[PDB]
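First the structure, in the form of structure tokens, and then the observations on it.
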Amino acid sequence: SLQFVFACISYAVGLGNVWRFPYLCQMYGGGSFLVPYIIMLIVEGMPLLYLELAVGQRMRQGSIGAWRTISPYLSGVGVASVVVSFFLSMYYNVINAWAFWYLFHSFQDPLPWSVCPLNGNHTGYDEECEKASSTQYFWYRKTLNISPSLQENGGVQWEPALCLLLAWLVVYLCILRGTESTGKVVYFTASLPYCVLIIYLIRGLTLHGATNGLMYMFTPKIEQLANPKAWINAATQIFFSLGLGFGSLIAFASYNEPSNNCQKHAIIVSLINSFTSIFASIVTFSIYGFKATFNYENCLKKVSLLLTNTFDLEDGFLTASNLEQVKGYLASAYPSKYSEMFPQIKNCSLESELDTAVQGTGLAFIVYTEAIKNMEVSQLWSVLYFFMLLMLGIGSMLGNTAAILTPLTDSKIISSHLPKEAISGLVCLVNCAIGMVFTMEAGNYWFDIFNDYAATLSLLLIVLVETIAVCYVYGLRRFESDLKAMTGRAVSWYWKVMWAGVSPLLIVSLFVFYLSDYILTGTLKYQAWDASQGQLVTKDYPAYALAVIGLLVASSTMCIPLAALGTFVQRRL
Amino acid sequence: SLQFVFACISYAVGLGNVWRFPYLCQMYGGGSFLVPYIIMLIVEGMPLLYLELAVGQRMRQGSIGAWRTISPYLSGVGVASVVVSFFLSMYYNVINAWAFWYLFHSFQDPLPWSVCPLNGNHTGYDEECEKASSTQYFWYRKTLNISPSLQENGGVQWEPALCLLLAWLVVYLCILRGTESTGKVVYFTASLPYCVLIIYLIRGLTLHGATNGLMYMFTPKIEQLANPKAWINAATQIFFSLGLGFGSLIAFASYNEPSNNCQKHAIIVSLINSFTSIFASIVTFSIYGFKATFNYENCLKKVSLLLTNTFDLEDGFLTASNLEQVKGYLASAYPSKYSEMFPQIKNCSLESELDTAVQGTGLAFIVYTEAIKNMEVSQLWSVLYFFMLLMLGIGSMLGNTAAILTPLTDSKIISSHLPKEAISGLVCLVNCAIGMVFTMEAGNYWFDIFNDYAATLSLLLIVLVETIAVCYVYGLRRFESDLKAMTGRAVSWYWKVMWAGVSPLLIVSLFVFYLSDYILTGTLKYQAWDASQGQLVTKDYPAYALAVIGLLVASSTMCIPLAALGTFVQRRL
Amino acid sequence: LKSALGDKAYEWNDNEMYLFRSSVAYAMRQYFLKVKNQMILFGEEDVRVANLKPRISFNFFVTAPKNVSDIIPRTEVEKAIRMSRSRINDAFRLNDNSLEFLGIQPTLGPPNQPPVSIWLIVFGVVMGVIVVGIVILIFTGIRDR
Amino acid sequence: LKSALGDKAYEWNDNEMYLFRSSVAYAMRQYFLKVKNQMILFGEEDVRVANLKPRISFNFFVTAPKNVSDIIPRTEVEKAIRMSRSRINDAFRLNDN
Ligand SMILES: CCCCCCCCCCCCCCCCCC(=O)OC[C@H](COP(=O)(O)O)OC(=O)CCCCCCCCCCCCCCCCC
Ligand SMILES: CCCCCCCCCCCCCCCCCC(=O)OC[C@H](COP(=O)(O)O)OC(=O)CCCCCCCCCCCCCCCCC
Ligand SMILES: CCCCCCCCCCCCCCCCCC(=O)OC[C@H](COP(=O)(O)O)OC(=O)CCCCCCCCCCCCCCCCC
Ligand SMILES: CCCCCCCCCCCCCCCCCC(=O)OC[C@H](COP(=O)(O)O)OC(=O)CCCCCCCCCCCCCCCCC
Ligand SMILES: CCCCCCCCCCCCCCCCCC(=O)OC[C@H](COP(=O)(O)O)OC(=O)CCCCCCCCCCCCCCCCC
Ligand SMILES: CCCCCCCCCCCCCCCCCC(=O)OC[C@H](COP(=O)(O)O)OC(=O)CCCCCCCCCCCCCCCCC
Ligand SMILES: *[C@@H]1O[C@H](CO)[C@@H](O[C@@H]2O[C@H](CO)[C@@H](O)[C@H](O)[C@H]2NC(C)=O)[C@H](O)[C@H]1NC(C)=O
Ligand SMILES: *[C@@H]1O[C@H](CO)[C@@H](O[C@@H]2O[C@H](CO)[C@@H](O)[C@H](O)[C@H]2NC(C)=O)[C@H](O)[C@H]1NC(C)=O
Ligand SMILES: *[C@@H]1O[C@H](CO)[C@@H](O[C@@H]2O[C@H](CO)[C@@H](O)[C@H](O)[C@H]2NC(C)=O)[C@H](O)[C@H]1NC(C)=O
Ligand SMILES: *[C@@H]1O[C@H](CO)[C@@H](O[C@@H]2O[C@H](CO)[C@@H](O)[C@H](O)[C@H]2NC(C)=O)[C@H](O)[C@H]1NC(C)=O
Ligand SMILES: *[C@@H]1O[C@H](CO)[C@@H](O)[C@H](O)[C@H]1NC(C)=O
Ligand SMILES: *[C@@H]1O[C@H](CO)[C@@H](O)[C@H](O)[C@H]1NC(C)=O
Ligand SMILES: *[C@@H]1O[C@H](CO)[C@@H](O)[C@H](O)[C@H]1NC(C)=O
Ligand SMILES: *[C@@H]1O[C@H](CO)[C@@H](O)[C@H](O)[C@H]1NC(C)=O
């Protein structure tokens, strides 16, 4: 029945699709991102997903017990996979905090991101609110109050702290009402995001200069397709969207799906996930192209007005087409007045503005809140879109917390003096308390640091070790015979070669390329805000900052060789 | 369960409640109408309704067969009761035609009843559209094109003819889909009118000068409470709203309700009917008072402006409170200029405008279409309200056609060569063809003539003869013993005296009072439009017009003494 | 002109300059009547115009009615134009960005309508409902377990 | 004034009459330039005003610039005012009623 398809849709659609994918796509060329995305999708989203579902269905055990039985060497992979989800949850909830804040600021008139404040002498608008737009300022200053560097930390604020607290409380309340939320309700929840995206696509396709965004998103230019930092971040974005490495899919199809097909399931999941991502990365980029072309026309109009007011020209003469003709003409009439005015003529082009308009980790927010002020009734659509994002957030949040609660409420050592609600609240409280780093003044930098490495590299390595283990330690022929005898169908040599050969070579090649291009350039530069100019400068990471960058991937991936040693000291006696 | 209550609500709410009741209430003093309405309600809406339901449940036969068995004298009461409904259906469908037309004219901008046309010299608006308002003109001229008298008939128009044809076709289609329309659908149909009335009450209570309409509607003045033409038309309005006389309620609770209570049923029906009538006669009168106070303020402003422009006065000096002071002051300054200007000073008062603002049989239309132009988005509410009125129309129409179809699809003489659909369509076509009198230029006058007498007097007499028969020809004691043995409950002496004594005396007294006040004044005057002045003048009925006035009640009530004679010639042999 | 009115703009002949000089004379009359309590009959010939350019641009100064050597100071003319700017704008269909008196800046438009943290109210109501559901759930799961 | 602007109306002193006479002079200049192809320097002293009443009311006629005996006909003044009425309205914030 259609219930299976709708449950699958609910499974797939998350936050890596409507929030993370556009931020990654804009950052790495746009056109030069889908090609690597589709490549990594077909080569590592079909085979490893199906392999993981198949193992979870075959062993019918938890995330840790399965790899415990496959070999005594490989027990710690479950511990690492659980630590990964633990790292995920904390910074993950901040995205729900932000949507909470934006939602609370939607019951006003006018909306605070639609106008700029006034200066002290009440003549014009604020100086910072003019360099940036009305929305970039509201994001970087009103809801974040970012510092111009990483060393100027400051102190914990009180508004984002409260929003994050409320987010943790509401996820607590949703988890206390049983570890189930669907049933006769999937038809509404799984459908609301697509309906709101259709609405916003209708709105954003009727904006002047929209085709520029789609052109920038689809058409690839072969100069950053040779960037290794694009391939790896495209593959691990897939790894992050499907849920690999988190040990959730293994434990899901373990006490479920007795003899149903795993191939059809994995294929539908991967297809709907990728489709959702590509369709959501278009409604954003139409509005992005609109913003870029608007800023470009503004550059042009400002320069034209300066030239008109300076010498003297009939208003409306120098518009946008004779600009170069008149620029040249004002070199044989009176260059004495022109030369000393040259350092003020702004040189603006559309490409340089499509490249850097709203780039950053708040792209979804700034862009979506930018297409609300240009709407008929703004508060309604703002409330609707932000409630949609909150639903997606609570969904992905409960789905991620399942992978950390269940491998804890089953061990018969810790479940003695602590009941279910108590330990759930304890984990929630520790997470809420550790997530207070991201409510400081330089908190967005720490959020960005915690996002990429901790969410990507560990899981990329763990799925690799999982595949190596299932292929060359348990026996490929043994497993295919087992699955034939269990399900009654033989897997094609297509998947048989994808499991063994292509993925475990591609992942290692992608890792060594990125590690080499890290070793041949040196230290890496992240970003900044530069409130005094209104653009993202690229300041360097401090030395103490690289410490946490190392420690994250270490403490989330070095749990394998310590399990392989604890299982070696116990095998001595 | 609540299904019974909602089915009862669907039973009660019709068109005599939202269309006919306000038109009658405004016409007869307003305040001096509810008092007679409630009196006649308590004295003739409880007892006769319960008696009719009880007889229909006791005999378990049709409308004609029951009175056939009660006595051979009384067979023709069913024929008369059927002829009444036949007379009803034809002019009844015109009300659905009009709502159809108004609905079709709701997909425009601006709506045609919201502005006036221009004159020939394009300087100002039309002359007729200014005397009347923008809505009275659109009703009397655009959708009706009424003639200034009854003798100027003219020829059948083609727009209202088409609307009436479409109405008959759609009622045909609704009747062809089985003689049942409810079931798991009552919760929506019975509720929509109530919801739309709440909406319009919310809108109409926030209009300047609304309390005047409610004051005029509720507060009675004892000078027209002595008008006999108010009591009779208030009692027979009840008779028309509950469905007495039409023989539909007898045939309804005949093959149904085995041993359930009839008292509770009749009480709920009467209460919800009267409650809906009184609640709907308030949303209209709030807007009516608004219209009246607006027209009064307009009179005052026009006179003030004339006085200002005439002599000379600072604009804004003579507003509405010093009007009498200044009127008197301009008699000791220069009466030489004042006297020759006196026949132009309009004398306007609020009472004389509340008495005659929108009076007529299109009151519901003109008033409701007047509170749409004063709304935020007009087309939406217009479409909603007119679709509501169309639902009510089709409902009452099918309910009235049931009483004419079923006593025809059962007689085993005519059902031989004509199947169900064929005879249904034949009656529908004959009705559509006879209802073409009401699409002429003087068609509204014929509609008004056919409405009152044919819908009221026959049924008022037929329920009287029904009660006399059931009380003094079948035996009161026999019937109460039968009902006690059948249902297991004794009726109180309350209803026992209401059946025998109070109603058969009150109806005859009310009839002789009205017939005397007809004989002591002479001929009666109906109304006219007087397009050249913009108010309803009261021209006389022509002599040939009284012919149909007589023939209607004759051919719909004189079927009793011919049955009493046909049953006398057969009892000779 | 083209910036303000689009393809609906009139052309600027010397009758428009006549009307501008009359508007400035009216503004001076009003300022000297309502502030200095004097009645001075400025005319259109007391507004001296110079440097007329085709991008619509000029300088002007004002002289006492019949004493050509008496120049009203620039500060009093600035005050007189501030007092009547919204009327000179209307006479030409310009909107304070299309009619610039260089050196005189408009300083209005303060926003005011919030009585507090309108967002704090919804935050508080949601937090109340959430904590209430929380205690209900803890009580249920405790006494039933 | 009170009908159009409400409790926001200015008061009508003689500077307002000066501005009205200048507006009428401008309208006459424009009509004689754009229709008759002549350039005539009408001034505010060529618009003669009479019968000033407190309900705002007067009569006016127009005279050639320096020939006091030369009265422009009523028809040409009506045309000149039709041509520029939407501008005289704007100068005073009035709306043709
Ligand atoms: C946020 C971080 C998340 C942390 C979540 C991790 C939770 C599990 C951590 C441990 C997983 C690593 C496996 C290491 C092997 C255990 C060591 C050992 O057996 O001691 C040898 C131990 C002897 O070691 P010795 O100290 O060297 O002599 O053998 C024993 O005699 C211990 C007696 C066993 C008592 C039974 C207790 C039953 C609970 C066990 C279940 C816990 C595993 C959870 C797996 C769920 C699948 C069903
Ligand atoms: C947004 C983030 C925050 C969200 C909210 C988080 C807040 C939730 C945190 C809740 C923490 C408390 C949970 C309450 C659970 C129910 C309370 C209850 O039923 O109490 C009954 C009751 C409470 O006291 P009462 O007032 O007398 O009812 O406690 C008892 O009377 C039972 C007797 C307790 C015996 C103590 C001995 C236990 C240990 C034995 C020796 C070993 C020591 C090791 C201890 C283990 C600790 C790790
Ligand atoms: C555009 C959105 C997606 C479009 C696709 C719509 C949905 C497709 C449904 C999938 C069809 C499968 C139905 C069930 C049958 C299972 C398939 C099966 O048996 O596989 C084993 C099948 C068995 O073959 P054997 O080697 O003979 O055993 O393996 C194959 O040989 C098929 C190989 C096809 C490779 C995938 C298709 C594309 C590869 C070529 C390069 C693609 C360029 C990427 C650019 C895309 C741009 C958008
Ligand atoms: C829009 C107008 C609506 C019109 C709807 C009215 C439909 C019914 C009209 C007749 C009602 C008046 C009753 C008059 C008594 C009938 C005359 C008579 O019996 O002839 C004597 C007749 C002798 O009369 P003679 O001509 O004087 O000798 O007796 C017979 O021998 C006739 C043989 C009877 C044949 C059986 C036919 C079965 C159909 C009868 C059913 C019709 C009544 C419908 C009632 C429904 C309740 C179940
Ligand atoms: C909006 C207002 C208008 C709404 C729409 C109203 C229009 C509906 C009116 C419909 C009128 C016709 C209904 C059609 C019914 C089905 C047609 C059909 O099945 O025909 C098969 C068929 C039609 O011809 P076909 O083309 O050969 O199929 O007719 C036959 O072949 C059957 C043979 C008929 C025998 C004739 C003898 C019957 C009478 C015997 C002597 C007595 C004479 C008295 C006649 C009684 C008349 C009162
Ligand atoms: C405001 C909207 C309506 C308000 C009423 C709300 C609903 C009322 C539910 C009806 C109560 C009956 C429940 C079931 C019992 C059946 C009654 C029963 O047994 O009757 C036989 C009952 C048996 O009595 P017996 O004579 O001892 O056998 O008859 C009576 O004695 C009751 C007589 C009461 C008359 C009706 C009430 C009003 C009469 C006084 C004048 C009214 C002024 C009208 C102005 C109204 C202004 C709005
Ligand atoms: C806009 O473009 C012009 C020309 O492409 C730039 O002017 C050039 O500046 C370089 C130095 O940076 C000179 O060597 C060239 O001779 C200049 N060109 C000309 C034609 O004079 C200009 O710098 C650009 N705008 C900005 C803001 O840099
Ligand atoms: C308005 O009211 C006035 C006074 O109430 C009416 O004038 C009276 O007219 C009658 C004749 O119809 C005279 O006999 C009275 O002397 C008049 N009264 C005064 C005070 O002069 C006037 O007719 C009313 N308006 C209209 C239109 O009839
Ligand atoms: C014209 O205006 C000038 C000022 O601009 C007047 O000049 C003043 O004249 C008095 C004596 O007449 C001197 O004491 C002042 O010092 C003069 N002022 C300046 C600034 O020079 C002049 O009087 C005015 N003439 C008329 C006829 O009013
Ligand atoms: C002033 O205008 C009048 C017209 O209003 C002129 O009068 C005309 O004068 C010529 C000869 O000078 C006569 O032939 C015409 O018959 C006169 N017209 C009228 C209507 O009387 C007068 O010439 C003008 N004066 C100046 C100095 O221009
Ligand atoms: C604008 O404000 C600054 C201080 O914020 C002040 O120094 C300056 O004088 C103001 N501008 C004017 C024209 O007064
Ligand atoms: C641009 O300037 C040229 C003169 O160099 C002129 O001929 C042309 O009409 C101008 N274009 C527009 C659109 O005004
Ligand atoms: C108004 O129209 C009528 C004819 O409808 C015409 O006789 C009259 O002259 C017009 N008014 C004017 C001022 O021309
Ligand atoms: C009405 O006129 C009187 C003079 O008779 C005046 O005193 C009063 O202020 C006027 N009322 C209003 C509201 O203007």
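Chains as they are written, first to last, in the deposited numbering: chain B, 11 to 583; chain D, 11 to 583; chain A, 624 to 768; chain C, 624 to 720. Cβ atoms here follow ideal geometry from the backbone N, Cα and C, with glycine treated the same way.
> On the three-state DSSP scale, how would you describe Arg671 (chain A)?
Replying inline: strand
>> Within 10 Å of its beta-carbon, does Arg78 (chain D) have 16 or more other beta-carbons around it, so buried, or fewer, so exposed?
In response: buried
> For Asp713 (chain A), which residues in chain C fall below 9 angstroms Cβ to Cβ?
Replying inline: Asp713, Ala714, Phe715, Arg716
>> At a cut-off of 7 angstroms, would you count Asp669 (chain A) as near ligand 9, judging by its Cβ distance to the nearest heavy atom?
In response: no
> Does any CB atom of chain A fall closer than 8 angstroms to the CB of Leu628 (chain C)?
Replying inline: no
> Between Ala171 (chain D) and the rest of its own chain, which residues show a CB-CB distance below 7 angstroms, the 5 nearest in sequence each way excluded?
Replying inline: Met446, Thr449
> CB of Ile248 (chain D) to nearest heavy atom of ligand 6: below 7 angstroms?
Replying inline: no
> Curious, which full-length alpha helix (DSSP H) runs of at least 4 residues does the region 442 to 483 of chain D contain?
Replying inline: 453 to 482
>> Is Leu408 (chain D) close to ligand 5? I mean its beta-carbon at under 7 angstroms from any heavy atom of the ligand.
In response: no
> Given that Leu675 (chain C) touches chain D, what residues does it touch there, using C-beta distances under 8 angstroms?
Replying inline: Those within 8 angstroms of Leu675 (chain C) in chain D number zero; the least Cβ separation is about 11 angstroms.
>> Judging by CA-CA distance, which residue of D:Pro514, D:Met227, D:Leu546 is the nearest neighbour of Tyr38 (chain D)?
In response: D:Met227
>> Closest to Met706 (chain A) by C-alpha separation, out of A:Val658, A:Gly751, A:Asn636, would be which residue?
In response: A:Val658
> So which residues of chain A does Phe114 (chain B) contact, with C-beta pairs closer than 7 angstroms?
Replying inline: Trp742, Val745, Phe746
> Which residues count as close to ligand 10 when the rule is a CB under 6 angstroms from any of its heavy atoms, in chain order?
Replying inline: C:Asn690, C:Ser692, C:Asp693
>> Strictly below 7 angstroms CB to CB, what residues from chain A border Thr133 (chain B)?
In response: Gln728, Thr730
>> What does the alpha-carbon distance come out to for the pair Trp635 (chain C) and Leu675 (chain C)?
In response: 11 angstroms
> Where does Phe578 (chain B) land, buried or exposed, given buried means 16+ other C-beta within 10 angstroms?
Replying inline: exposed
> In terms of alpha-carbon separation, which member of B:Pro158, B:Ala17, B:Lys141 lies closest to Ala452 (chain B)?
Replying inline: B:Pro158
> Span of the beta strand (DSSP E) holding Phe684 (chain A)?
Replying inline: 680 to 685
>> Closest to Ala200 (chain B) by C-alpha separation, out of B:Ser85, B:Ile185, B:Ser20, B:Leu436, would be which residue?
In response: B:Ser20
> At a cut of 8 angstroms, does the region 103 to 114 of chain D reach the region 260 to 269 of chain D through at least three beta carbon pairs?
Replying inline: no
>> To be precise: take each residue of the region 314 to 329 of chain D, compare its Cβ to all Cβ atoms of chain C, and keep it if any distance is under 7 angstroms. Which residues remain?
In response: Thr318, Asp322, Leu323, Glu324, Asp325, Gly326
> How many angstroms separate the CA atom of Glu490 (chain D) from the CA atom of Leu408 (chain D)?
Replying inline: 34 angstroms
>> Would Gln653 (chain A) pass as an interface residue toward chain C - the criterion being a Cβ-Cβ separation below 8 angstroms?
In response: yes
> What did DSSP end up calling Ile232 (chain B) once you bin it into helix, strand or coil?
Replying inline: coil
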